[PDB]
Amino acid sequence: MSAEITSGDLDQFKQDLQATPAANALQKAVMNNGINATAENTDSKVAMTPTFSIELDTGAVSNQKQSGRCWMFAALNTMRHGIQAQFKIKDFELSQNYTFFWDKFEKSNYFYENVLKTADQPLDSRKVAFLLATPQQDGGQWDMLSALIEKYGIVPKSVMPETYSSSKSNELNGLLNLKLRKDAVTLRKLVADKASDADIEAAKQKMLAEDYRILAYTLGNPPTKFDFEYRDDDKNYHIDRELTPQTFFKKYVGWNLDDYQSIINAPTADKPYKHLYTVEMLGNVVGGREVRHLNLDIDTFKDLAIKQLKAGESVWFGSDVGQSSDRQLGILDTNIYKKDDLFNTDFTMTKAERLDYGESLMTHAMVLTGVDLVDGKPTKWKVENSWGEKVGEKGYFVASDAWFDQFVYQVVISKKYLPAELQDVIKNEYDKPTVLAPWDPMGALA
Amino acid sequence: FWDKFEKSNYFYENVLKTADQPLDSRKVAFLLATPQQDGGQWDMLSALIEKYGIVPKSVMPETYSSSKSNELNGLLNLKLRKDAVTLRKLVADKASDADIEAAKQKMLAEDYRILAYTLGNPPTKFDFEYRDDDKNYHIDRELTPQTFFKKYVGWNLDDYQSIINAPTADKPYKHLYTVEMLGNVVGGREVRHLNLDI
Amino acid sequence: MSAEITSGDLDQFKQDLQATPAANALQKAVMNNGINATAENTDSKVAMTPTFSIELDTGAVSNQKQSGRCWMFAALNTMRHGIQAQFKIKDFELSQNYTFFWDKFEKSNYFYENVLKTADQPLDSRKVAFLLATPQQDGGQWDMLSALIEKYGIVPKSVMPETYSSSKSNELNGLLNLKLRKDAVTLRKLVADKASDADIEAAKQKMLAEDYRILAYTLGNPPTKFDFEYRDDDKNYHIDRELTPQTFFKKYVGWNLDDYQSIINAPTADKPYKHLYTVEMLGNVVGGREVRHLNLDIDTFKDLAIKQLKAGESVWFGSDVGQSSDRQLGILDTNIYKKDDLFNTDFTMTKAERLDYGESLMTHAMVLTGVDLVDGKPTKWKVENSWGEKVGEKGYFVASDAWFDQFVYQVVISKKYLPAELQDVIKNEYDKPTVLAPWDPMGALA
C-alpha cells in the first residue's frame, strides 16, 4: 500500500542510506555532536569578521533577559543612541520596564475590545480561537511601540528599574492570560445576555482595575514626575527637575513619531509592492495609531537602510533570527552551516515559500548599526542585539548580505529618505490599507 | 526514531489529502504550522509498538539529538514544508498517482537519512545479556524488537482504552471520540478516547 | 626535488582531498569537534554493556589521583579484595602511600648503585643517558611491588593516609630527580678520583639520609607498630593490637609472593615464547627479587587469565590504556572509534610492529575482575580502574576481547594454574633469564 511505510520501502531507504557517500562516518559525527556542531562552517566565520566600512558609534548593549521584549529594546536602542550622542551620556539606557507596563495594560484593554467585537461569533471560529490562544504576549511591532511613546512618553532606566517579572515574564504572562480568558467568558456572557453598553463598560473597568494591580505588583508603579541627575562624558554634572515621561521624551529625544515608516519585504502574491498593509485585530493601544507596513522589493528596502546608515542613524529591523544562525558567536549567515552538504539533501526554499508555508516569519527585532560596503555593495551588516555582552562581539551580531536577503522582513525608515512616489503611497493609502488576516505572517509580534 | 519517520509520511499524506484546499485554509494552515513534533498520545505509542516492537535502552542508546531535539525538529520541519510545496504542485499539475508515490518515496529516503544520522540505525536483531536481582546471569540470543516485546512485555495492546474527562457541551459522556488528521502511523490504529465523568 | 614538498605535490594533495568522499562535510565535523568526538562509535557502546558471565564481587574503587601509582593501586587491589572477602570488611583499602614511600626511597638507592656501576662509562653513552633522563618515577612492575611487600609489609590506608604529594606527586618527583642528578655528579667524581669503597659508601649514606628526609616531609613517617580496629560486615567490632606492617601482611593477606608469575605477550622476533626475560638496570629494591617475565602466546596468556577468574581470583594486568579507548565512559574497544573510516586512511599495525616501532607499550596497570564468556570464548573483560568512581561504571572499565589481544601486554598469574612444562621453564631459567636492554618496551614502568 502506497500510503503506508512498508518493509520494502524500509529496505530501499536503508539501501539509499548505505549508498550515500561516507554515510557511516557522517552518521557518527551527527549522532555524537548534533546538527549545528557537525555542520558549522569556518569559511563563514572568516567572511563574517566584524569590520564595517560604515559603522555608527553605539556603545554597550542592553539585555532583555528572559522576556520577549526585543521590539522595545530595539526601539529604545535607536532613541538612546540619539540621547547618548546629543547629551554626551555614554551607555545611557531608557526604561524597558516602563514600555512593558503600558504595553501589557493597553493590550489587556485591546483584548477585551476584541472579545466584545467578536462576541457574536462562535467560540470555535478561527478569529475567536486566535484571540483566545494568545490573549496578550511580550512581543510587538514598531508602530505599537510608537503608540505607547505617544501616549506615555519614556523615562531613564534608573527611574523605572527592572523587577523580577520584567526580566522573567513567564509567570506574569501565565497569570495575566488566565485573567483575560476568565474575563472573556464574562464579556461574551454579557453580550449574550443583552447587557447595556454601560453595564458592559462598568464590567470592563472593574476588570482593568484588577489588571492594573497585577501589573503594579509585578512591575512597579509607573512614574509621573521625577528629577534627572547625571554626569556627561566631559564629567559635568546636570540636574533637570520635575520632568514627566512626556516632557523627558520631548526634551531628550525630540522625535516626531510620524516621521517613521515601517517597511516590509514580503514577496508573496497577495502583497504587491508599493502599497500599505495592516493586520486585522493586531494592536495594543485602543485609540492610538495602527500598524502600517509599506511593502517594497528587497533592493529598494536595502538601499533605504544603507541611506539611513550613511546619514548616521541606526535602523530598527525585524528578522527570523533562528534561521541559519550561530546565536552564541552572533553570526547570521546563510553559509554558517552546510546542512544540505551534510545530509546530501536539498533544503532550499524561497522567501515567499517560507512565508506561505509557515517556515519563517519575523521572530526578533534588533538594530542595524553598520554596513560593510565593498565595490558599492553591502557584504555584511552590523547588528546590535539585546541579549547582553556575553554573546557575539560584546553583544553585537553580524549578518551576511545573503542572510539579510532571506531573513530580514522589516526595517523602520525616516520618511524623508523615501522617494516622493512612496511618500505619496503612504499619504494616499493611510486610511484604506490592505487588511491582512490576523494570522498573517507580518502580524508576527517580535 | 519510528515516531518521527512515521509522522513524516503521515504529514505527506495529510498534505496530499488537503492539496485541493486553499493554502490559507484553517486545516492546511494547522498542518503547516506544526508538520511534526515530539509529542503524542497513548494510541500513537501503541501503534508504534505494534509495528516495530521495542528494545532495551542499552541496545539503542540516546544520541545528541534524542536528548536535545530542537535542531532535529527545526531541520525536519523545514524539510517537510519544502516537500509540501512540491506535493501540492504535483497535485496542481495533475500528476499520476505513481509519480506522486515515487516523489514521496524519494522524500522519505531523505527523511530516513536525517533520522539515521541524528538518532542512529534502528536495530533489527540483538542479544540481550543481564543479571537479575538474585545476581544470576542470563543471555537471550538473536532477539528482534518484536520478539523482545512479545517475550518481556507480552501485552495485547488491544486490551487498553484511552479515557478522557473533557466536561464540555460538545462531548457527551459514554461515547468515543477521535481527532481529525491526528496520528503518526498510516495504516495503524487510530486515536480513540472514551469520555467519562470525573 | 623528490625530497622536498613542492607546489606540484601540494596541488596533487589538494586534489586527492577534494576527491575524497564527503571531504567537505567530514572536515567541518573534525575541525569543530575533534577526532574522538567525530569518530566515536555507538555500536561499540552497545557491544560493551558491562555484563559478565564470570564476575567477582570486588566493591568500590580506589583513586590514585595525580600520581603514576597505578601498578601499586592495582596490586593492592588484588590483596584488599582477599581481605574484604576473608575478614568481611566491605571496601577496605590498604595504604598506597606506604608502598609509595618505600618505592621512592629504594629507587633512590637503586639509582645511586646504577650510577656507581656505570661511572666508568661516558656520560653521553646510551645507558648513562637513560639513567639520568629518568632517575626515578612513580611507575613500576609487579615484581617490584612484591619486592617492597617482602621487605616492608603493608598497612591499612587509615594507618598511613595520603598527603599532598602522594596524591599530587609532580613537585616531589621534580625535587627528588634534581637531588639524584646532583648526587650522580658527586658519585661519578668520587669514582673518577679513585675514592675508596668506604668513602663512596659514606657519601651514599649521607645522600640517602637527605632523601629519607625529603620523603618523610612529603609523605609522612612510615609506621612500625599500630593497632587495627574495625567493624566487620556483620557489625561486629574487632581490635588487633601491636601489629607491624609485616605481621599485618602475614595475618590479613597471607600470600607467598613466590607463588606469582609475571606473564607477558610480546610477539616480537627477539622474544621467543616459553622463556624468561628481564630488563637490564630495571628495579627498585637492591638485594630484593628481580623482574622476571615469562613470554607466552596470546591464547595461552588469555586462557590462564580466564582460569584464574573462574577460580574466584582477580588478575593484575598491564596495558596501553591510551590506545583505542574512551577514558571517560571506560570503554576499551578497537571499535570505539572508526578513525580509518573517518580519514579514509588505513592506520593498522600489528602488535609486534607497534612495539618495535615505539607506537605502544604498557603504560597503565589495572585489575581483571570478570570476563563474559559466550560459546566458551571471551567477548569482553571487566576492569577495575584506580581513577575513582566518576569514570566508567562506578570506576570500572570494560575491554573488548579484540582490544585485550592488541593492547594487553602483561598478566600476573598464580604458578599453580600453569602447565608443568611452564613451571619448569620458570625454575630452569630463573637465574639465567634473557636480559633485555634498559629501553626495551617491557621495561616500561606503569
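Throughout, protein chains are lettered first and strands after them, A, B, ... in sequence-line order, and every chain is numbered starting at 1.
- In the displayed structure, A:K65 atom NZ is contacted under 6.0 Å by at most 12 heavy atoms of other residues, nucleotides or ligands.
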Using the rule given for side-chain hydrogen bond (donor to acceptor under 3.5 Å, both in side chains), can you reason through A:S44 versus A:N335, listing the C-alpha separation, both sets of side-chain angles and the distance that settles it, and then say yes or no? CA-CA 6 Å; A:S44 175; A:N335 299 141; over 6 Å; no
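- The backbone N or O of A:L276 sits less than 3.5 Å from a side-chain atom of A:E429, completing a donor-acceptor pair.
- Listed for the A:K380 side chain is a donor-acceptor partner under 3.5 Å among the backbone atoms of A:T49.
- Tested against A:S167 for a side chain to side chain donor-acceptor pair (under 3.5 Å), the candidates A:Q66, A:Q96, A:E162 yield a single pass: A:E162.
- Around the CG atom of A:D258, the shell of radius 6.0 Å holds more than 12 heavy atoms that belong to other residues, nucleotides or ligands.
- Listed for the A:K107 side chain is no donor-acceptor partner under 3.5 Å among the backbone atoms of A:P135.
- Salt bridge absent: A:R292 and A:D143 never bring a charged side-chain N and a carboxylate O closer than 4.0 Å.
- Between A:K307 and A:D303 no salt bridge is recorded (no basic side-chain N to carboxylate O distance below 4.0 Å).
- Residue A:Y396 is tested with A:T369, A:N385, A:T58 for a side chain to side chain donor-acceptor pair (under 3.5 Å); the sole match is A:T58.
- Checking A:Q406 against A:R354 by side-chain atom types alone, a donor-acceptor pair falls below 3.5 Å.
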Which is it for A:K302 and A:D405 under the salt bridge (charged side-chain N to carboxylate O under 4.0 Å, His left out) test, yes or no, and what are the steps along the way? CA-CA 9 Å; A:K302 281 158 68 186; A:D405 290 353; 2.8 Å; yes
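- Looking at A:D372, its side chain does come within 3.5 Å of a backbone N or O of A:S53 through a donor-acceptor pair.
- Taking 4.0 Å as the cut-off between side-chain N and carboxylate O, A:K274 and A:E421 count as a salt-bridged pair.
- Formation of a donor-acceptor pair under 3.5 Å by the A:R69 side chain with backbone atoms of A:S166 is found in this model.
- Using a distance-only test at 3.5 Å, with no hydrogens or angles considered, a donor-acceptor pair links the side chain of B:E71 to the main chain of A:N36.
- With hydrogens and angles left out, the side-chain atoms of B:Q36 and B:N77 include a donor and acceptor closer than 3.5 Å.
- Judged by a 6.0 Å distance limit and a 45° cone about the ring axis, A:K351 is positioned over the six-membered ring of A:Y409.
- The closest side-chain donor-acceptor pair between B:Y12 and B:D83 falls under 3.5 angstrom.
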Give the intermediate values and the outcome of ring pair (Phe, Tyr, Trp, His ring centres under 6.0 Å) for residues A:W255 and A:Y260. CA-CA 10 Å; A:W255 300 358; A:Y260 303 98; 5.2 Å; yes
For salt bridge (charged side-chain N to carboxylate O under 4.0 Å, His left out), just list the numbers for B:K89 and A:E353, CA-CA rounded to whole Å, side-chain angles, deciding distance to a tenth of an Å, and then say yes or no. CA-CA 12 Å; B:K89 200 201 193 229; A:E353 289 168 342; over 6 Å; no
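- Every residue meeting the salt bridge (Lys or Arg N to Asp or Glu O under 4.0 Å) condition with A:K127, not counting sequence neighbours, appears here in chain and number order: A:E280.
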In sequence, state the C-alpha distance, the side-chain angles, and the governing distance for A:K104 and A:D138, and then conclude on salt bridge (charged side-chain N to carboxylate O under 4.0 Å, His left out). CA-CA 8 Å; A:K104 292 244 171 297; A:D138 290 1; 2.8 Å; yes
Can A:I154 and A:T99 be said to form a side chain to side chain contact (heavy atoms under 4.5 Å, CB included), step by step? CA-CA 7 Å; A:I154 200 53; A:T99 41; 3.8 Å; yes
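- Shown here are the ring pair (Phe, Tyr, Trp, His ring centres under 6.0 Å) partners of B:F30, two or more places apart in sequence or in another chain: there are none.
- Judged purely by distance below 3.5 Å, without hydrogens or angles, the side chains of A:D103 and A:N284 pair a donor atom with an acceptor atom.
- Between the side chain of B:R113 and the backbone N or O of A:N344, at least one donor-acceptor pair lies under 3.5 Å.
- For the side chain to side chain contact (heavy atoms under 4.5 Å, CB included) test with A:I263, the passing option among A:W142, A:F301, A:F317 is A:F301; the others fail.
- The residues A:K271 and A:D440 are annotated as salt-bridged, a charged nitrogen and a carboxylate oxygen being separated by less than 4.0 angstrom.
- Checking side-chain atoms of A:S314 against main-chain N and O of A:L368 turns up no donor-acceptor pair under 3.5 Å.
- Of the N and O atoms on the side chains of A:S386 and A:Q64, at least one donor lies less than 3.5 Å from an acceptor on the other residue.
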